[PDB]
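Engineer: Just passing along the structure, written as structure tokens.
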Amino acid sequence: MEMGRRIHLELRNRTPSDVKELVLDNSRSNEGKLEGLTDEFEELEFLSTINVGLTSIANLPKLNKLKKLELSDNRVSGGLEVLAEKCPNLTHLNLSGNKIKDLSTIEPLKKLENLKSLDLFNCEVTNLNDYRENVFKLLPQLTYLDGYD
């Protein structure tokens, strides 16, 4: 089923500004981009869009209260600078299973000042000699990476 309709189903007639949690796993993104998420979700704290065929997060809306973002099992490969811009208060980010290939692409996350916890399981960057040391060098504000420390 389609992400927009999924959003409508999940909401069950609550107005978007009342919602603190949204799970869209296994719905279909509009050809790889988020559909139907808008900046009216001003109270949204946890957003899950696992396995929705995402290619890009370029069209994330302003979500000032967003704390935990689940993007597991998609094909996102860049444009992570949007995160610091659109959801600055993020503390938990899951990018597992995505096409995150190197340090250069996760660098824009140093602007996420409150990032506490990051997952990159099964990502290609995970193959790096001293992968854990490099990521902690890069993002000195992080405490947890792939569940550990």
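Just remember, in the structure tokens the first chain shown is A, the second B, etc., residues are 1-based per chain, and ligands are 1-based in the order shown.
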Per DSSP on the backbone, filter segment 42-120 of chain A down to the residues in strand (DSSP E or B) and report them as a list in words.

Structural biologist: residues 46, 47, 48, 68, 69, 70, 92, 93, 94, 117, 118 and 119 of chain A

Engineer: Can you write just those residues out, N, CA and C atoms, as an mmCIF file, in the first residue's frame?

Structural biologist:
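Result file is selection.cif:
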data_model
loop_
_atom_site.group_PDB
_atom_site.id
_atom_site.type_symbol
_atom_site.label_atom_id
_atom_site.label_comp_id
_atom_site.auth_asym_id
_atom_site.auth_seq_id
_atom_site.Cartn_x
_atom_site.Cartn_y
_atom_site.Cartn_z
ATOM 1 N N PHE A 46 8.875 10.504 16.959
ATOM 2 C CA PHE A 46 9.415 9.251 16.444
ATOM 3 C C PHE A 46 8.757 8.909 15.110
ATOM 4 N N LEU A 47 9.582 8.843 14.064
ATOM 5 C CA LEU A 47 9.145 8.523 12.702
ATOM 6 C C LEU A 47 9.878 7.299 12.160
ATOM 7 N N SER A 48 9.093 6.306 11.755
ATOM 8 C CA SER A 48 9.622 5.057 11.218
ATOM 9 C C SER A 48 9.158 4.867 9.765
ATOM 10 N N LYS A 68 13.734 10.546 17.132
ATOM 11 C CA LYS A 68 14.171 9.221 16.664
ATOM 12 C C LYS A 68 13.676 8.972 15.248
ATOM 13 N N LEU A 69 14.608 8.775 14.317
ATOM 14 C CA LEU A 69 14.294 8.598 12.896
ATOM 15 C C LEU A 69 14.805 7.249 12.430
ATOM 16 N N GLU A 70 13.866 6.388 12.046
ATOM 17 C CA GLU A 70 14.134 5.052 11.547
ATOM 18 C C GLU A 70 14.060 5.027 10.013
ATOM 19 N N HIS A 92 18.515 9.994 17.863
ATOM 20 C CA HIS A 92 18.657 8.601 17.366
ATOM 21 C C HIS A 92 18.373 8.459 15.883
ATOM 22 N N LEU A 93 19.366 8.022 15.122
ATOM 23 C CA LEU A 93 19.206 7.850 13.685
ATOM 24 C C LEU A 93 19.583 6.429 13.287
ATOM 25 N N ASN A 94 18.667 5.734 12.624
ATOM 26 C CA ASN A 94 18.981 4.400 12.087
ATOM 27 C C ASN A 94 19.044 4.441 10.555
ATOM 28 N N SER A 117 23.042 8.618 19.160
ATOM 29 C CA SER A 117 23.042 7.223 18.771
ATOM 30 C C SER A 117 22.827 7.039 17.251
ATOM 31 N N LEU A 118 23.724 6.285 16.592
ATOM 32 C CA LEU A 118 23.682 6.061 15.124
ATOM 33 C C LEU A 118 23.896 4.602 14.736
ATOM 34 N N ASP A 119 23.049 4.089 13.847
ATOM 35 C CA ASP A 119 23.211 2.726 13.337
ATOM 36 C C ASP A 119 23.498 2.695 11.817
#

Engineer: Would you list the contacts of segment 126-143 of chain A as a list in words, taking every protein, DNA or RNA residue within 10 Å and counting only C-alpha atoms, but skipping same-chain residues closer than 6 positions in sequence?

Structural biologist: residues 91, 92, 100, 101, 102, 103, 104, 106, 107, 108, 109, 110, 111, 112, 113, 114, 115, 116, 117, 118, 120 and 149 of chain A

Engineer: Restricting the output to N, CA and C atoms, write the selected residues as a PDB file, in the first residue's frame.

Structural biologist:
ATOM      1  N   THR A  91      18.194  12.776  18.143  1.00  0.00           N
ATOM      2  CA  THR A  91      19.146  12.079  19.015  1.00  0.00           C
ATOM      3  C   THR A  91      19.466  10.643  18.554  1.00  0.00           C
ATOM      4  N   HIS A  92      18.515   9.994  17.863  1.00  0.00           N
ATOM      5  CA  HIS A  92      18.657   8.601  17.366  1.00  0.00           C
ATOM      6  C   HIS A  92      18.373   8.459  15.883  1.00  0.00           C
ATOM      7  N   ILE A 100      24.966   3.831   2.236  1.00  0.00           N
ATOM      8  CA  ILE A 100      25.910   4.781   2.805  1.00  0.00           C
ATOM      9  C   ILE A 100      27.322   4.194   2.649  1.00  0.00           C
ATOM     10  N   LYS A 101      28.125   4.796   1.776  1.00  0.00           N
ATOM     11  CA  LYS A 101      29.312   4.093   1.287  1.00  0.00           C
ATOM     12  C   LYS A 101      30.633   4.516   1.894  1.00  0.00           C
ATOM     13  N   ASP A 102      30.669   5.709   2.466  1.00  0.00           N
ATOM     14  CA  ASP A 102      31.938   6.274   2.914  1.00  0.00           C
ATOM     15  C   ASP A 102      31.751   7.343   3.996  1.00  0.00           C
ATOM     16  N   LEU A 103      32.862   7.857   4.522  1.00  0.00           N
ATOM     17  CA  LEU A 103      32.822   8.938   5.514  1.00  0.00           C
ATOM     18  C   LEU A 103      32.248  10.213   4.937  1.00  0.00           C
ATOM     19  N   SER A 104      32.556  10.504   3.684  1.00  0.00           N
ATOM     20  CA  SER A 104      32.142  11.782   3.125  1.00  0.00           C
ATOM     21  C   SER A 104      30.634  11.959   3.219  1.00  0.00           C
ATOM     22  N   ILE A 106      28.474  10.572   5.492  1.00  0.00           N
ATOM     23  CA  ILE A 106      27.930  10.759   6.854  1.00  0.00           C
ATOM     24  C   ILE A 106      28.452  11.994   7.594  1.00  0.00           C
ATOM     25  N   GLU A 107      29.417  12.675   6.993  1.00  0.00           N
ATOM     26  CA  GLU A 107      29.954  13.925   7.520  1.00  0.00           C
ATOM     27  C   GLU A 107      28.911  15.019   7.805  1.00  0.00           C
ATOM     28  N   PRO A 108      27.972  15.272   6.875  1.00  0.00           N
ATOM     29  CA  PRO A 108      26.975  16.278   7.199  1.00  0.00           C
ATOM     30  C   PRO A 108      26.281  16.065   8.538  1.00  0.00           C
ATOM     31  N   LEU A 109      26.366  14.864   9.116  1.00  0.00           N
ATOM     32  CA  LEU A 109      25.779  14.626  10.440  1.00  0.00           C
ATOM     33  C   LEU A 109      26.535  15.238  11.634  1.00  0.00           C
ATOM     34  N   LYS A 110      27.713  15.831  11.424  1.00  0.00           N
ATOM     35  CA  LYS A 110      28.345  16.543  12.532  1.00  0.00           C
ATOM     36  C   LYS A 110      27.588  17.817  12.937  1.00  0.00           C
ATOM     37  N   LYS A 111      26.678  18.268  12.079  1.00  0.00           N
ATOM     38  CA  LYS A 111      25.836  19.417  12.409  1.00  0.00           C
ATOM     39  C   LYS A 111      24.610  19.031  13.236  1.00  0.00           C
ATOM     40  N   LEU A 112      24.384  17.733  13.399  1.00  0.00           N
ATOM     41  CA  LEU A 112      23.344  17.255  14.298  1.00  0.00           C
ATOM     42  C   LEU A 112      23.895  17.245  15.714  1.00  0.00           C
ATOM     43  N   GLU A 113      23.721  18.366  16.407  1.00  0.00           N
ATOM     44  CA  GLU A 113      24.361  18.598  17.697  1.00  0.00           C
ATOM     45  C   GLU A 113      23.935  17.631  18.808  1.00  0.00           C
ATOM     46  N   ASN A 114      22.712  17.118  18.707  1.00  0.00           N
ATOM     47  CA  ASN A 114      22.155  16.286  19.755  1.00  0.00           C
ATOM     48  C   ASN A 114      22.189  14.804  19.419  1.00  0.00           C
ATOM     49  N   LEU A 115      22.792  14.465  18.281  1.00  0.00           N
ATOM     50  CA  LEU A 115      22.893  13.056  17.894  1.00  0.00           C
ATOM     51  C   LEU A 115      23.676  12.288  18.966  1.00  0.00           C
ATOM     52  N   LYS A 116      23.016  11.301  19.557  1.00  0.00           N
ATOM     53  CA  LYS A 116      23.558  10.480  20.627  1.00  0.00           C
ATOM     54  C   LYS A 116      23.888   9.095  20.070  1.00  0.00           C
ATOM     55  N   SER A 117      23.042   8.618  19.160  1.00  0.00           N
ATOM     56  CA  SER A 117      23.042   7.223  18.771  1.00  0.00           C
ATOM     57  C   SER A 117      22.827   7.039  17.251  1.00  0.00           C
ATOM     58  N   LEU A 118      23.724   6.285  16.592  1.00  0.00           N
ATOM     59  CA  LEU A 118      23.682   6.061  15.124  1.00  0.00           C
ATOM     60  C   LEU A 118      23.896   4.602  14.736  1.00  0.00           C
ATOM     61  N   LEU A 120      24.490   1.901  11.424  1.00  0.00           N
ATOM     62  CA  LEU A 120      24.817   1.760  10.021  1.00  0.00           C
ATOM     63  C   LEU A 120      24.991   0.292   9.604  1.00  0.00           C
ATOM     64  N   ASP A 149      28.934   0.976  23.114  1.00  0.00           N
ATOM     65  CA  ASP A 149      30.052   1.635  23.787  1.00  0.00           C
ATOM     66  C   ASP A 149      29.931   1.830  25.294  1.00  0.00           C
TER      67      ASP A 149
END

Engineer: Just list as a PyMOL selection string whatever in chain A DSSP marks as alpha helix (DSSP H).

Structural biologist: chain A and resi 3-11+81-86+103-106+131-138

Engineer: Give me, as a list in words, all polymer residues having an atom no more than 8 Å from residue 61 of chain A, counting only C-alpha atoms and skipping those fewer than 6 positions away in the same chain.

Structural biologist: residues 37, 38, 39 and 86 of chain A

Engineer: Using only N, CA, C and O atoms, please write the residues we just selected to a file, as a short mmCIF file (atom, residue, chain, number, x, y, z; two decimals), in the first residue's frame.

Structural biologist:
data_model
loop_
_atom_site.label_atom_id
_atom_site.label_comp_id
_atom_site.auth_asym_id
_atom_site.auth_seq_id
_atom_site.Cartn_x
_atom_site.Cartn_y
_atom_site.Cartn_z
N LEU A 37 4.13 13.69 4.19
CA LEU A 37 4.68 14.24 5.43
C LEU A 37 4.89 15.73 5.26
O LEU A 37 5.55 16.16 4.33
N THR A 38 4.33 16.52 6.18
CA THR A 38 4.36 17.99 6.07
C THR A 38 4.78 18.59 7.41
O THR A 38 4.86 17.87 8.40
N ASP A 39 5.03 19.90 7.45
CA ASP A 39 5.51 20.51 8.71
C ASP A 39 4.39 20.74 9.74
O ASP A 39 4.58 21.41 10.75
N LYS A 86 16.30 20.13 8.95
CA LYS A 86 14.87 19.90 9.03
C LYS A 86 14.42 19.27 10.35
O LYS A 86 13.28 19.41 10.74
#

Engineer: My list of candidates is A:30, A:98, A:89, A:55. Which is closest to residue 72 of chain A when distances are computed with only C-alpha atoms?

Structural biologist: A:98

Engineer: For residue 49 of chain A, which residue among A:9, A:22, A:125, A:66 is the nearest when counting only C-alpha atoms?

Structural biologist: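 Looking at the shortest contact to residue 49 of chain A, the residue is A:22.
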
Engineer: Using only C-alpha atoms, pick whichever of A:28, A:23, A:13, A:99 has the shortest atom-to-atom distance to residue 78 of chain A.

Structural biologist: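 Once distances to residue 78 of chain A are computed over only C-alpha atoms, the minimum belongs to A:99.
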
Engineer: Given only C-alpha atoms as the basis, pick out the residue of A:31, A:146, A:10, A:42 nearest to residue 57 of chain A.

Structural biologist: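 Of the candidates, the smallest distance to residue 57 of chain A is held by A:31.
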